[PDB]
Amino acid sequence: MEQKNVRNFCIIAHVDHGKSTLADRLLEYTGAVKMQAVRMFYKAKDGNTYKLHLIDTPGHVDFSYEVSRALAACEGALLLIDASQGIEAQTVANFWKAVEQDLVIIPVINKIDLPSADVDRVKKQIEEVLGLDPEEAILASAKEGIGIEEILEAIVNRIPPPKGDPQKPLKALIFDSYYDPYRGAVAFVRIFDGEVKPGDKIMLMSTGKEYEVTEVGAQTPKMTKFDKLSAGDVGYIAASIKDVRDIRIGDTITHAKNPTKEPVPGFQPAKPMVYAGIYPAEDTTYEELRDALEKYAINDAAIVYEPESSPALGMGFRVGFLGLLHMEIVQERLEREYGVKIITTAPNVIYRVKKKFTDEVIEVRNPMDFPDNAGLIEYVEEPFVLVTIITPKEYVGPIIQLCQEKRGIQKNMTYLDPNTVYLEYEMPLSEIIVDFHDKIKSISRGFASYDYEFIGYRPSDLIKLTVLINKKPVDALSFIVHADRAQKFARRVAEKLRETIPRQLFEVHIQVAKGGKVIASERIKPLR
Ligand SMILES: Nc1nc2c(ncn2[C@@H]2O[C@H](COP(=O)(O)OP(=O)(O)O)[C@@H](O)[C@H]2O)c(=O)[nH]1
Ligand SMILES: [Mg+2]
């Protein structure tokens, strides 16, 4: 059909508000490998039938880049808000990302069936915090198909149709991908200009690598191959591509022979932020761990890893993740998809270290590599992030105190309503990736939410602490901490480790040292 009858949208909501539930009602309503680039047909009330494309988006800050790329592939977005919850951290962050991509935003208040639902409140938040017309808000219940058709109409009537020329040089944005054992590395794309069909020879603009398309199509919801994809469409492309790192998200696919003038803007290679050592546990061996990682990696273009060994732990891997959730996902899937037993060290951020006789600043991804000789260090910088927090006013005080305990600098504070506070803090990421999520959760009864974004590196007074077990240091336990927090971390780690190690005939003396100086000791008496 015509592009004027096409609608490209996505759903963006704080986790738990009903994104998945709603995608089903939408598909179910219209109807009669992960879910992505879903094509639907909808006969509107105006009589015309429209071709709708549901682009699934990540929900965690760890996948922020990927989220932006998915938004760049749509013309609009459904901003799903839980009527019993109201606006939360991810709600605001995602809203602005959508705003930045110039998307028509359709707010939908979900769970209006719940006894705790308060649509009037949420409407007030939408207008005051988001600056949207509460009137545009679509009340709904994805749990009870209430408001589905109303959504589909808003999408047809509110979201503009794609604007592109199928006669112009191909220009397709890669917003997602996965590895198909049979089709190879598969790219989920948005076609801006031109058309693409099996047999065509494409080219990846960031690499200049060329391939020959083997198949094109979309999920309906099953992976259906079409004979082509044209400007405005959303689907997938296969072309005998070795792996997902060849079709990086945010990249542009054009024709090898007649390439488009410029690629879609905003391309960025994956950037690991948090690292950790993963070591084989129980009976699992190194090989089984290595083999499992190689297999998992095939379906994950962001993860990086390299062989690492420690005195006590033996051989493992130093793995880099996009964040904490990404690490968790990898952990669970490694033990659940390949059933390997692993112990994971405390995570760490990448530090920039300038040492006296080395011209170039060194990037430290493994604490073990942080210079032991503190005298040789000219300076060290660490990544900082801007943290946004939304909480009921009753907990603002405890949260504020938690944030400053963790070296946070308050930059702003506002009320989203008479009982809801909004906060912004600049914090070292190293402080955020250690017990911040739970602390913030327990003190707010799980009511406070937060989000954050990298704002760059800043020099800080950090130092390396080493752990000694019976006068013998285990490098895998050394860590970097701010000089002012050292004593506390030392105590925490010492007291934590004692209860982390079982008894034995010999007394186990645990020591946390600072450059040869023990600043925390803990001992677990012999085996009874
Ligand atoms: N009562 C009620 N529950 C809902 C509604 N929408 C979603 N839920 C439930 O909220 C929980 C999480 O839903 P989900 O779609 O996975 O949220 P996501 O985290 O945004 O995907 C599940 O129990 C859903 O069934 C709704 O409109 N009303
Ligand atoms: Mg979901």
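Chain A uses Swiss-Prot numbers throughout; the residues present, in order, are 1-32, 56-551.
Using the three backbone atoms N, Cα and C, a Cβ is placed for every residue, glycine included.
Annotated features in Swiss-Prot:
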- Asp16, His17, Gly18, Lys19, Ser20, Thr21, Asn133, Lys134, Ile135, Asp136: GTP binding site (BINDING)
For GTP, with binding residues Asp16, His17, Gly18, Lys19, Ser20, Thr21, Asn133, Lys134, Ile135, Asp136 per the record, max Cα distance (Å, no decimals) returned as 17
Hits among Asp16, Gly18, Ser20, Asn133, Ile135, i.e. binding-site residues with CB under 6 Å from ligand 2, come out as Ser20
Under a three-state DSSP reduction, the secondary structure at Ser20 (GTP binding site) is helix
Filtered by Cβ distance under 6 Å to ligand 1, the binding-site residues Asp16, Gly18, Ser20, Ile135 reduce to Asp16, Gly18, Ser20
For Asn133 (GTP binding site), the nonlocal same-chain Cβ neighbours (under 8 Å, six or more residues apart) come out as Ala13, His17, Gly18, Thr21, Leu22, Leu103, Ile104, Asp105, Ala106, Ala163, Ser164, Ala165
Around the Cβ of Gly18 (GTP binding site), other Cβ atoms found within 10 Å total 23
Cβ proximity for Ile135 (GTP binding site), under 8 A, sequence spacing 6+, ordered by residue number, returns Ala106, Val142, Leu162, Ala163, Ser164, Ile169
